[PDB]
Amino acid sequence: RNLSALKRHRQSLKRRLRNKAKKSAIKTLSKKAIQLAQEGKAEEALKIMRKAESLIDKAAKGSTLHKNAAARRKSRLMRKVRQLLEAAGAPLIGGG
Amino acid sequence: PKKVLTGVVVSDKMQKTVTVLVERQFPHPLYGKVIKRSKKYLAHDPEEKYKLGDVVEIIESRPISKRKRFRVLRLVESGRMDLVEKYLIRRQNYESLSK
Amino acid sequence: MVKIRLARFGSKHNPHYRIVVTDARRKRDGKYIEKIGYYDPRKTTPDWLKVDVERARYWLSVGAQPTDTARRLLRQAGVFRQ
Amino acid sequence: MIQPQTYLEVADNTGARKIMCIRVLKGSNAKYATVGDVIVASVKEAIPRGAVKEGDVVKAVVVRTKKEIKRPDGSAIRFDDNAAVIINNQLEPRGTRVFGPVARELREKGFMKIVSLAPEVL
RNA sequence: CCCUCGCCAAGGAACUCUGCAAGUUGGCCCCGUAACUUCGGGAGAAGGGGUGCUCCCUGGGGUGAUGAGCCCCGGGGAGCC
RNA sequence: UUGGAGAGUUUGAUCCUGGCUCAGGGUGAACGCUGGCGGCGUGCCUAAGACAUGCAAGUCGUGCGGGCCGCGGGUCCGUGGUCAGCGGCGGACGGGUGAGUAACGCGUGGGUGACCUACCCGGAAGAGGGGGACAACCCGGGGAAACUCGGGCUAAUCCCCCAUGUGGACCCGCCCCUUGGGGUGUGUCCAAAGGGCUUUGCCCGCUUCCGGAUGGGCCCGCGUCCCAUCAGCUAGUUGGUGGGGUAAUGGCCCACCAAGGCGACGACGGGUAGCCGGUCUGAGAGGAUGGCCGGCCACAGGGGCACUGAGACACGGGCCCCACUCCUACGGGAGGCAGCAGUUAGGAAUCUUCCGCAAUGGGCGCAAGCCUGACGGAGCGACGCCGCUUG
RNA sequence: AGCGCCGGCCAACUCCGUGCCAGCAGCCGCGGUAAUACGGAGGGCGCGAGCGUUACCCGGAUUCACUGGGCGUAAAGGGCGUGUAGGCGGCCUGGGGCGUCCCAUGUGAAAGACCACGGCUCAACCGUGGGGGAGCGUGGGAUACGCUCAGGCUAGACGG
RNA sequence: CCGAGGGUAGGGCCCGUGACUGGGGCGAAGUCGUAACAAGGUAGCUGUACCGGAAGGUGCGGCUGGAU
Ligand SMILES: [Mg+2]
Ligand SMILES: [Mg+2]
Ligand SMILES: [Mg+2]
Ligand SMILES: [Mg+2]
Ligand SMILES: [Mg+2]
Ligand SMILES: [Mg+2]
Ligand SMILES: [Mg+2]
Ligand SMILES: [Mg+2]
Ligand SMILES: [Mg+2]
Ligand SMILES: [Mg+2]
Ligand SMILES: [Mg+2]
Ligand SMILES: [Mg+2]
Ligand SMILES: [Mg+2]
Ligand SMILES: [Mg+2]
Ligand SMILES: [Mg+2]
Ligand SMILES: [Mg+2]
Ligand SMILES: [Mg+2]
Ligand SMILES: [Mg+2]
Ligand SMILES: [Mg+2]
Ligand SMILES: [Mg+2]
Ligand SMILES: [Mg+2]
Ligand SMILES: [Mg+2]
Ligand SMILES: [Mg+2]
Ligand SMILES: [Mg+2]
Ligand SMILES: [Mg+2]
Ligand SMILES: [Mg+2]
Ligand SMILES: [Mg+2]
Ligand SMILES: [Mg+2]
Ligand SMILES: [Mg+2]
Ligand SMILES: [Mg+2]
Ligand SMILES: [Mg+2]
Ligand SMILES: [Mg+2]
Ligand SMILES: [Mg+2]
Ligand SMILES: [Mg+2]
Ligand SMILES: [Mg+2]
Ligand SMILES: [Mg+2]
Ligand SMILES: [Mg+2]
Ligand SMILES: [Mg+2]
Ligand SMILES: [Mg+2]
Ligand SMILES: [Mg+2]
Ligand SMILES: [Mg+2]
Ligand SMILES: [Mg+2]
Ligand SMILES: [Mg+2]
Ligand SMILES: [Mg+2]
Ligand SMILES: [Mg+2]
Ligand SMILES: [Mg+2]
Ligand SMILES: [Mg+2]
Ligand SMILES: [Mg+2]
Ligand SMILES: [Mg+2]
Ligand SMILES: [Mg+2]
Ligand SMILES: [Mg+2]
Ligand SMILES: [Mg+2]
Ligand SMILES: [Mg+2]
Ligand SMILES: [Mg+2]
Ligand SMILES: [Mg+2]
Ligand SMILES: [Mg+2]
Ligand SMILES: [Mg+2]
Ligand SMILES: [Mg+2]
Ligand SMILES: [Mg+2]
Ligand SMILES: [Mg+2]
Ligand SMILES: [Mg+2]
Ligand SMILES: [Mg+2]
Ligand SMILES: [Mg+2]
Ligand SMILES: [Mg+2]
Ligand SMILES: [Mg+2]
Ligand SMILES: [Mg+2]
Ligand SMILES: [Mg+2]
Ligand SMILES: [Mg+2]
Ligand SMILES: [Mg+2]
Ligand SMILES: [Mg+2]
Ligand SMILES: [Mg+2]
Ligand SMILES: [Mg+2]
Ligand SMILES: [Mg+2]
Ligand SMILES: [Mg+2]
Ligand SMILES: [Mg+2]
Ligand SMILES: [Mg+2]
Ligand SMILES: [Mg+2]
Ligand SMILES: [Mg+2]
Ligand SMILES: [Mg+2]
Ligand SMILES: [Mg+2]
Ligand SMILES: [Mg+2]
Ligand SMILES: [Mg+2]
Ligand SMILES: [Mg+2]
Ligand SMILES: [Mg+2]
Ligand SMILES: [Mg+2]
Ligand SMILES: [Mg+2]
Ligand SMILES: [Mg+2]
Ligand SMILES: [Mg+2]
Ligand SMILES: [Mg+2]
Ligand SMILES: [Mg+2]
Ligand SMILES: [Mg+2]
Ligand SMILES: [Mg+2]
Ligand SMILES: [Mg+2]
Ligand SMILES: [Mg+2]
Ligand SMILES: [Mg+2]
Ligand SMILES: [Mg+2]
Ligand SMILES: [Mg+2]
Ligand SMILES: [Mg+2]
Ligand SMILES: [Mg+2]
Ligand SMILES: [Mg+2]
Ligand SMILES: [Mg+2]
Ligand SMILES: [Mg+2]
Ligand SMILES: [Mg+2]
Ligand SMILES: [Mg+2]
Ligand SMILES: [Mg+2]
Ligand SMILES: [Mg+2]
Ligand SMILES: [Mg+2]
Ligand SMILES: [Mg+2]
Ligand SMILES: [Mg+2]
Ligand SMILES: [Mg+2]
Ligand SMILES: [Mg+2]
Ligand SMILES: [Mg+2]
Ligand SMILES: [Mg+2]
Ligand SMILES: [Mg+2]
Ligand SMILES: [Mg+2]
Ligand SMILES: [Mg+2]
Ligand SMILES: [Mg+2]
Ligand SMILES: [Mg+2]
Ligand SMILES: [Mg+2]
Ligand SMILES: [Mg+2]
């Protein structure tokens, strides 16, 4: 009736927490910056947008994000913010 | 290579897409005779430059939509509405094969 | 890893291996990447060993990993001689 | 308060879905059946190829009722449907599972087998 | 006690010659709708969803003048009890 | 040119047409009568019915901290075994089966400027400084079991934080290219874990990048059965725009817009079937077939789902619903042999609850080595072929 | 040492018993008192740890006919026109080279099959080497015929 | 939101079965006649129509695959 598969389920539950928690944050921040960039509010958008990008690549270190996801999330994050600031300018920090 | 095919446009009624009909011959695998078979491909035309009646070449491409896996390669001939007739008349006969 | 090893052919109480390069995840007697020699353990013929040496050196360069009892039959044909 | 004509749900896996009471087996002229009482019924609706089929005249013990039953401790319990379990002449279920809760009253009346098979007893 | 009327536990036609009587159903908008047919129909078949108020965006018409006001027919979004 | 036989039977008789029938080869066979030996094969074709019991996946103390026992000897240290636990790596392979599927599933040839790839190899550089959790253990409550609740503490190759930037990622501009390919400039962002010995030197690990190799995803041309007494089918339908999602393209998912898409070259519908290498027959052409072996696919009681992960939507992992069975102390719990054997049902019918890791192979490990119903062999059966005997 | 068979197809013949019975049977057919055809027997034929039956596949079946059939009377011409799609199409010249044909090259896994050899005392089984292929991709070529485009013609067709 | 499935209601296709009923095949040891084969004793066959216990008959039109 036994196994260390039990062990392996025990672990997955814990990795699941760390993952979800990490991904939650990325969306919270990305959207936060995108929100700011709409009403931009350019310095702040850019400020939060950096905090996102950092957290994304941080996730791509592990099992959370495959590298190409991180790339992709970053690509779409940036595009949105920039093109949003085009409806008023101008970029107060970096970047870029 | 990317497969390349030549055929007549029979529809322009989609936006940014043409229906290109490609025809082919081959001997009957048992009865020998050379036989024709045809097939419609939805070909990508981002430029809405291809008209009904054009004879064109299409090249297999990365998938554009469900069902569209070809972009239009180039014009070859224009104004082959006689081909388009052959197709259109055939569909119109179908109203007469029912019950 | 991709591996160099011994696929058993022949028959019962009558082994006949094909020293072969295959993915480790294959089954023993399964589709192999490339054949590179054979080996009769019962030694019942003059050349109970044959090894393309020119080939086995390639795979090693490119990262193949021979089994223990294949490493040897690569020693015996001096694929390793420096 | 089950009486002839009352339809009951059947809470087992005999294949019967619905039964119509035709008699309450409690003496010569009992008007109503409650929890723990046996009725005779007609099978009005059943699923294909079960132990029992539409038309069969079966016995059943009532196991939950929409009229509340009262208890000597001053409480009462009430279920959302009237349901019964089909039995044989030795008060044993003819099915092998029973679905839904049943009334504890069943135990004191010797429907021990049904009481255990039940997911809950209230 | 009778008339006219309101409610009713569990049951639900077991009432009775007979569901007699009384319930149920119930307008409008939308979805959807069988046998059979003289091709009209059967059809409101059946069955089902919607229905108040508040705010915001928006389409067409009448009267004006082409506009405002007034009146008519809507559509989409977010909510409140 | 290595290859091609026909016969009986319609008549009083004949010729012809024409059907029936036979001799031949084949098989996962079965049945009868009979039955000595050996070798290689080979054996649930039916209920993808239901299954008692063992066994089929684990390993590393050279990641970590502990208990329990013992060995060593002055409470402690060491050393060893064992037992969990935290941490890796395996568990996605290998084994089963053929239910579903008429489909890009498979076969064959191609495309990816639209893509991934653990361990393996080649090459570029690098490991500075902090902090934290949770188990194990102690302490409480709850059971017949399955078992778990909460309080507290502690280690690390666990987690996090900053530093560092060969590199790498992303937006904008520019150059080459030409679907998202290669390079560059500014901006921003991302690394790490140490263990061990013979100890200023090794070994195994750790980190980011490039390329190889290998295994994959997706896409396209052509091929793939019966019924037209199935002739019309289609609203995510066909295309578009934007976005969501993924490793990646795509109506794969959504919002909006347009009115399209398919079909006698057979859509739609019904039926049947996993496909191939092959196999069997046949002069050939063809017909029939897909058992064993190899390739791919699909499935894991019937369904749905995602988590973990390089990789699964995971046969012996998880969640939920259903059907069925069992356990109980009657409160409550458990299971999934289409892995190897074995039982039962069904059937004309189909095996030993064997032996071993010695060999080949696979997993973990520096290694010794541990596990392996893969496999190597043995057992039963005239099931097949081959050999041999009763002189 | 067994098993099938001994009318014809088909290799293997006599005696008894039975008497349209009991029975055989793949087809044609046997049995009604002299049965090589039933049952037994002697004998014979065929194979032999096998023989025979049932089932199914291909063959014989040119009996779905591509190879390789047919339609007055054997089964088979639509009751007759008109005509859509399709299939097919006269003479001459050029252009293109789609069919077609040739060369090169990639692919066409392993096993199996085929030829050689070799290992188990043979074989079966098994190993080593050899031979190729259709079919698809790529490159180059040919242009008779079919195709396509272009220009001529008059014997088909149509008109005066 | 979507969602296994569950529930309600109405449809389509297919299999099994059913009082009874329609013919069909066969058997054969019957009843009734004798329609076809000969000019088959009314030449036959035919599409259709009406009719008869039954083969069949008759009408209309057609065919010769009709004897003399
Ligand atoms: Mg473990
Ligand atoms: Mg939030
Ligand atoms: Mg990662
Ligand atoms: Mg992941
Ligand atoms: Mg698109
Ligand atoms: Mg009934
Ligand atoms: Mg009441
Ligand atoms: Mg009530
Ligand atoms: Mg009622
Ligand atoms: Mg009711
Ligand atoms: Mg009554
Ligand atoms: Mg009464
Ligand atoms: Mg009435
Ligand atoms: Mg009334
Ligand atoms: Mg009313
Ligand atoms: Mg009303
Ligand atoms: Mg009323
Ligand atoms: Mg109806
Ligand atoms: Mg009516
Ligand atoms: Mg009508
Ligand atoms: Mg209504
Ligand atoms: Mg309503
Ligand atoms: Mg509302
Ligand atoms: Mg009002
Ligand atoms: Mg109000
Ligand atoms: Mg007015
Ligand atoms: Mg106005
Ligand atoms: Mg005869
Ligand atoms: Mg005759
Ligand atoms: Mg005769
Ligand atoms: Mg004949
Ligand atoms: Mg036998
Ligand atoms: Mg025997
Ligand atoms: Mg099976
Ligand atoms: Mg069954
Ligand atoms: Mg069972
Ligand atoms: Mg074991
Ligand atoms: Mg280590
Ligand atoms: Mg040990
Ligand atoms: Mg341990
Ligand atoms: Mg597998
Ligand atoms: Mg096997
Ligand atoms: Mg299958
Ligand atoms: Mg189908
Ligand atoms: Mg296809
Ligand atoms: Mg393909
Ligand atoms: Mg891994
Ligand atoms: Mg610490
Ligand atoms: Mg950093
Ligand atoms: Mg939409
Ligand atoms: Mg898009
Ligand atoms: Mg993935
Ligand atoms: Mg879709
Ligand atoms: Mg087609
Ligand atoms: Mg057809
Ligand atoms: Mg089916
Ligand atoms: Mg199947
Ligand atoms: Mg032949
Ligand atoms: Mg098959
Ligand atoms: Mg088979
Ligand atoms: Mg296989
Ligand atoms: Mg499934
Ligand atoms: Mg499942
Ligand atoms: Mg099962
Ligand atoms: Mg399941
Ligand atoms: Mg698993
Ligand atoms: Mg699972
Ligand atoms: Mg799966
Ligand atoms: Mg597996
Ligand atoms: Mg299992
Ligand atoms: Mg207890
Ligand atoms: Mg529980
Ligand atoms: Mg078990
Ligand atoms: Mg049996
Ligand atoms: Mg068995
Ligand atoms: Mg075996
Ligand atoms: Mg081993
Ligand atoms: Mg080993
Ligand atoms: Mg190792
Ligand atoms: Mg074992
Ligand atoms: Mg014989
Ligand atoms: Mg013979
Ligand atoms: Mg003879
Ligand atoms: Mg007698
Ligand atoms: Mg005699
Ligand atoms: Mg005879
Ligand atoms: Mg005789
Ligand atoms: Mg012959
Ligand atoms: Mg033939
Ligand atoms: Mg035949
Ligand atoms: Mg022919
Ligand atoms: Mg003929
Ligand atoms: Mg005739
Ligand atoms: Mg004619
Ligand atoms: Mg006609
Ligand atoms: Mg024509
Ligand atoms: Mg032509
Ligand atoms: Mg010509
Ligand atoms: Mg020409
Ligand atoms: Mg050409
Ligand atoms: Mg070739
Ligand atoms: Mg080959
Ligand atoms: Mg020899
Ligand atoms: Mg060979
Ligand atoms: Mg050949
Ligand atoms: Mg020419
Ligand atoms: Mg011309
Ligand atoms: Mg002329
Ligand atoms: Mg639903
Ligand atoms: Mg549903
Ligand atoms: Mg449910
Ligand atoms: Mg009848
Ligand atoms: Mg009858
Ligand atoms: Mg007459
Ligand atoms: Mg007469
Ligand atoms: Mg006459
Ligand atoms: Mg007449
Ligand atoms: Mg009469
Ligand atoms: Mg008359
Ligand atoms: Mg005439």
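Protein chains in written order, with the entry's author numbering: chain 1t, 8 to 103; chain 1q, 2 to 100; chain 1p, 1 to 82; chain 1O, 1 to 122. We put the beta carbon where it would ideally sit given N, CA and C, even for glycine.
Item: Segment contact flag, the region 87-98 of chain 1t with the region 57-66 of chain 1q, C-beta cutoff 8 Å, min 3 pairs; Value: no
Item: Collapsed DSSP secondary structure at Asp-55 (chain 1q) in the structure displayed; Value: coil
Item: Residue from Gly-63 (chain 1p), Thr-69 (chain 1p) and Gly-78 (chain 1p) whose Cα sits closest to the Cα of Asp-52 (chain 1p); Value: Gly-78 (chain 1p)
Item: Where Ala-83 (chain 1O) falls, given that 16 or more other Cβ within 10 Å makes a residue buried; Value: buried
Item: Coil, strand or helix - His-45 (chain 1q) by DSSP; Value: strand
Item: Nearest candidate by alpha-carbon position, reference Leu-99 (chain 1t), set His-16 (chain 1t), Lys-74 (chain 1t), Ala-52 (chain 1t) and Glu-46 (chain 1t); Value: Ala-52 (chain 1t)
Item: Alpha-carbon spacing of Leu-76 (chain 1q) relative to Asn-94 (chain 1q), whole angstroms; Value: 30 Å
Item: Nearest neighbour of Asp-55 (chain 1q), chosen from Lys-14 (chain 1q), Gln-16 (chain 1q), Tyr-42 (chain 1q) and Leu-84 (chain 1q) [CA to CA]; Value: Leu-84 (chain 1q)
Item: Contact between the region 5-22 of chain 1q and the region 56-68 of chain 1t (3+ Cβ pairs under 8 Å); Value: no
Item: Cutoff 6 Å; reference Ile-41 (chain 1t); Cβ partners in own chain excluding five residues on either side; Value: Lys-87
Item: Inter-residue Cα distance where the pair is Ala-64 (chain 1p) and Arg-28 (chain 1p); Value: 16 Å
Item: Three-state secondary structure assigned by DSSP to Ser-37 (chain 1t); Value: helix
Item: Inter-residue CB distance, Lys-109 (chain 1O) and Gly-36 (chain 1O) (contact presumed, cutoff 8 Å); Value: 4 Å
Item: Which of helix, strand or coil DSSP assigns to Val-35 (chain 1q); Value: strand
Item: Nearest-angstrom Cα separation, counted from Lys-3 (chain 1p) out to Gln-82 (chain 1p); Value: 22 Å
Item: Three-state secondary structure (DSSP) of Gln-5 (chain 1O); Value: coil
Item: Neighbourhood of residue 110 (chain 1q) by C-beta, 8 Å cutoff - its chain only, sequence neighbours within 5 removed; Value: Past the edges of chain 1q, shown from 2 to 100, lies residue 110 (chain 1q), and the structure says nothing about it.
Item: Through-space distance from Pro-101 (chain 1O) to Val-115 (chain 1O), alpha-carbon basis; Value: 9 Å
Item: Residues near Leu-6 (chain 1q) by beta carbon distance below 6 Å, same chain, minus five either side; Value: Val-23 and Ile-59
Item: The region 9-20 of chain 1p / the region 32-44 of chain 1p touching (three or more Cβ pairs under 8 Å); Value: yes
Item: Where the beta strand (DSSP E) through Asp-13 (chain 1q) begins and ends; Value: 5-15
Item: Beta bridge counterpart(s) of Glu-86 (chain 1q) as assigned by DSSP; Value: According to DSSP, which records beta bridges pairwise, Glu-86 (chain 1q) is partnered with nothing at all.
Item: Which listed residue (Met-1 (chain 1O), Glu-120 (chain 1O), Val-85 (chain 1O) and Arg-104 (chain 1O)) has its alpha carbon closest to that of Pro-72 (chain 1O); Value: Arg-104 (chain 1O)
Item: Cβ-Cβ separation, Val-57 (chain 1O) to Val-40 (chain 1O) (assumed contact under 8 Å), whole Å; Value: 6 Å
Item: Near ligand 6: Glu-45 (chain 1O) beta-carbon under 7 Å from a heavy atom; Value: no
Item: Residues that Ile-60 (chain 1q) bridges to, as DSSP identifies them; Value: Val-5 (chain 1q) and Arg-72 (chain 1q)
Item: Where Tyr-38 (chain 1p) sits in the DSSP three-state scheme; Value: strand
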